[PDB]
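Quick note on numbering: PDB author numbering labels position 62 of the sequence shown as 62, and the sequence is numbered without any gaps.
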Amino acid sequence: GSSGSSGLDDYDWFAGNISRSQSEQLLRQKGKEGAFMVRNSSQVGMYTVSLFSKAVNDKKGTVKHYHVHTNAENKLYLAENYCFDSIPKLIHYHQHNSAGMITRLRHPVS
Numbered sequence: 001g002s003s004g005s006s007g008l009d010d011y012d013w014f015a016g017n018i019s020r021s022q023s024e025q026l027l028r029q030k031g032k033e034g035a036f037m038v039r040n041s042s043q044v045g046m047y048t049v050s051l052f053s054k055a056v057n058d059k060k061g062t063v064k065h066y067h068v069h070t071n072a073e074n075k076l077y078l079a080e081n082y083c084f085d086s087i088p089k090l091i092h093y094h095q096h097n098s099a100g101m102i103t104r105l106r107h108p109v110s
């Protein structure tokens, strides 16, 4: 492969600059409970990982929005008490299998 450099747009999950209203519509239209996505944060740096999901007792699923905090060593992580290599290097882990309180990504969404 080795096709692409520091390019986030490459991946699919990475939706990029998207309006809170869009992320939802795009996450809903898909019609796949568990679908996830990654959009740019208000300020250059952090990242907002939103994903759709449903529960046992619920009429309409609720869209969740996670934030990526930066550590002193510029370490990126979505769940407290955990550190990863990078944004795109993290999904690889979760996607395959969740880590903590982060829903198990079912499929990428743009």
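We put the CB at the ideal spot given by N, CA and C, even for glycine.
Touch check for the region 40-49 and the region 63-83: three-plus C-beta pairs under 8 Å?
-> yes
Ordered list of alpha helix (DSSP H) runs contained in the region 9-85, each at least 4 residues = 20-29
Alpha helix (DSSP H) segment containing residue 102, residue limits = For the purposes of this step, residue 102 is taken as the residue at position 102 of the sequence shown. Segment: none, residue 102 is in no alpha helix (DSSP H) and carries neither H nor E.
Which partner residues of residue 107 appear in the DSSP bridge assignment?
-> On the sequence shown, position 107 is the one that residue 107 refers to. For residue 107, which the question treats as bridged, DSSP gives the partners 35.
Within 10 angstroms of its Cβ, does residue 50 collect 16 or more other Cβ (buried), or is it exposed?
-> To locate residue 50, count along the sequence shown from 1; it is residue 50. Flag for residue 50 reads buried.
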